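One chain is shown next in C-alpha cells, namely the form deposited without its partner chain.
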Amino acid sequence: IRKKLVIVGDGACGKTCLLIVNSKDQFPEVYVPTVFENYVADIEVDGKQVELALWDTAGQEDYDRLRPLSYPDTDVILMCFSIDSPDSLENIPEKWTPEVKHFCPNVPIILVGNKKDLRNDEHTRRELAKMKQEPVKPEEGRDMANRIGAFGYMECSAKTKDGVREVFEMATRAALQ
C-alpha cells in the first residue's frame, strides 16, 4: 500500500510537468517549479489501493549534489527522456542507467518517453530536420527499454494528458512486485 517512486532524466525532459499532471490533473501552463515535492498519489491498481510517493529530482548542474538523497527505499523508477530530443535518449544508457543501477540495483525501471504530442508537431519537426534529426520513434524507446533491462517502455504527453494515467498505473504495478 505505501510505495516510493523516483523520477529521473535530463533537464527539461518534462519530469515535473508529468508529476504535476498526474497529481492535479492539469498541465501547469505558466509557472513550473524545478521540482514538484511532497506529494503522495492515491492509485487503485487492480486489487489494492496504493499510496505512491512521488519524488522529483533535477540537475541544471548543482541539484546534482542532492539527487543521491532521493534514492534510499525506492520501489520504482520512472526514467524519462523526451520524444522531441534524441539527445535525451542517448543519455538513458550513458548517464541515467549507470546512476540508477548504482544507487537502486534491483528496483524496477519504467522507461518513459515524454512530450509525445511533439512527435508530429511542425516546429519540432523543422527544428530537428535542420540537424538531420527526427523525433524519437516508439521502436527506439522499446529497444532502449530492452537494452537497459527496463520493466517496460511507455509514452505520454503531460501537455495533452494522453498516456499519463497509464504511466503511474504501470509504475504502481511495478512497485508492488
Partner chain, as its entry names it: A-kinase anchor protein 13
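Positions refer to the first chain, counted from 1.
Just so you know, the form deposited with its partner chain bound exists too; it's not on screen, but the next bit is about it.
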query: is_contact(residue 151, its partner chain) in the entry with it bound, heavy atom dist at most 4.5 Å; finding: no
query: 4.5 Å heavy atom contact, residue 69 to its partner chain in the entry with it bound; finding: yes
query: 4.5 Å heavy atom contact, residue 126 and its partner chain in the entry with it bound; finding: no
query: is_contact(residue 51, its partner chain) in the entry with it bound, heavy atom dist at most 4.5 Å; finding: yes
query: The unique member of 140, 121, 134, 37 whose heavy atoms fall within 4.5 Å of its partner chain in the entry with it bound; finding: 37
